[PDB]
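Colleague: need the 3D shape of this:
(chains A and B, ligands or ions: 2)
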2 protein chains.
Amino acid sequence: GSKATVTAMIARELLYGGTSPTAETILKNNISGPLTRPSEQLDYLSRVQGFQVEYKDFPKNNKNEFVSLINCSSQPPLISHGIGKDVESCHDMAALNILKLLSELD
Amino acid sequence: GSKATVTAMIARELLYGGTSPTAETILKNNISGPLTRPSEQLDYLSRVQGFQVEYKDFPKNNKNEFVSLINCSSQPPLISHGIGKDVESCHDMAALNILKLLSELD
Ligand SMILES: [Cl-]
Ligand SMILES: [Cl-]
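Modeller: Numbers count the residues shown, from 1 in each chain, chains lettered A, B, ... in the order given. Ligands and ions are numbered 1, 2, ... in the order given. Take a look:
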């Protein structure tokens, strides 16, 4: 709305994560991948370190809940999961679990 | 060291800030500005919103401490400060204070 409000929104986004989707929208044009989601973060880590990350999803259940498994290669494989109202949410939850495990948050 | 250790370092950096200087170093070559510091974040915000940010620094004092002021244009100007063992640290502290103020953390 007002741009004191917009200024606060941008500042908060930067303080939280060092990026600002709001500023990006302001600056964006139609003329002319930080990685903010756990799934993206894990894809990047795997690319550098070389392990494979893949997801398996079950169809939406009768309560409209999605469930996914994530596999991150190793011996044995690290397998986690996520649930949620859409598949991408399941993926981010599952990837977050793997990132926390790999971070050795002992 | 070991790359279980390297994997944990990268994962932690991603979880914290959605970037990984460690991964960047691994991937970097000599062949071929998220914004992780408050000073950078504030420079970006000012660029989008249009206000001017500038710093004034005093010379290192007899205890080797630096002190800086930051000015962020408005009426009146927002003026904050930072102290530290080098000028860049002063700048980041001062910029953080301004970001927190602009974020309306009431
Ligand atoms: Cl992905
Ligand atoms: Cl700067």
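Colleague: what about residue A:82, which SS state?
Modeller: At residue A:82 the chain is in strand, as set by DSSP: H, G, I helix; E, B strand; the rest coil.
Colleague: which residues touch it?
Modeller: When contacts are counted by C-beta atoms under 8 Å, 6 or more residues apart in numbering or on different chains, residue A:82 touches A:67-68, A:70, A:89-97. To be clear about C-beta, it is placed using only N, CA and C from the backbone, and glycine gets the same treatment.
Colleague: please repeat the previous calculation with a cut-off of 6 Å.
Modeller: By C-beta atoms under 6 Å, 6 or more residues apart in numbering or on different chains, the contact set of residue A:82 is A:68, A:90, A:93-94.
Colleague: any idea which of those residues has the most stuff around it?
Modeller: Greatest neighbour count in those, by other C-beta atoms under 10 Å in any protein chain shown, goes to residue A:94: 29 neighbours.
Colleague: now that one: phi and psi?
Modeller: phi -60, psi -40 (degrees, to the nearest 10).
Colleague: isn't it right up against residue A:71?
Modeller: No: counting by C-beta atoms under 6 Å, residue A:94 stays clear of residue A:71, with 9.5 Å between them.
Colleague: sorry, back to before: out of the contacts of residue A:82, the closest to residue A:24 would be?
Modeller: residue A:93 (24.9 Å; C-beta to C-beta).
Colleague: SS state for residue A:62?
Modeller: Classification of residue A:62 by three-state DSSP places it in coil.
Colleague: any idea how far it lies from ligand 2?
Modeller: To ligand 2, residue A:62 is 55 Å away according to C-beta to the ion, to the nearest Å.
Colleague: gap between the residue located most distally from the centre of chain A and residue B:104?
Modeller: No residue in chain A sits farther from the centre than residue A:2, which is 30.2 Å out by C-alpha atoms, centre = their mean. Separation of residue A:2 from residue B:104 (C-beta to C-beta, to the nearest Å): 12 Å.
Colleague: doesn't residue A:67 fall inside a strand?
Modeller: Yes: membership of residue A:67 in a strand is supported by three-state DSSP.
Colleague: the helices in chain A, which residues?
Modeller: Counting by DSSP state H, chain A has helices at residues A:3-17, A:21-27, A:38-49, A:87-102.
Colleague: could those go into CSV alongside distance to residue B:31?
Modeller: Converted to CSV, the helices of chain A look like this (distance: least, C-beta to C-beta, whole Å):
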stretch, distance to residue B:31
helix A:3-17, 31
helix A:21-27, 29
helix A:38-49, 18
helix A:87-102, 30
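Colleague: hmm, stretch A:10-21 touching chain B?
Modeller: Yes: against chain B, stretch A:10-21 shows contacts by C-beta under 6 Å from any C-beta of the partner chain at A:10-12, A:14-15, A:17-19.
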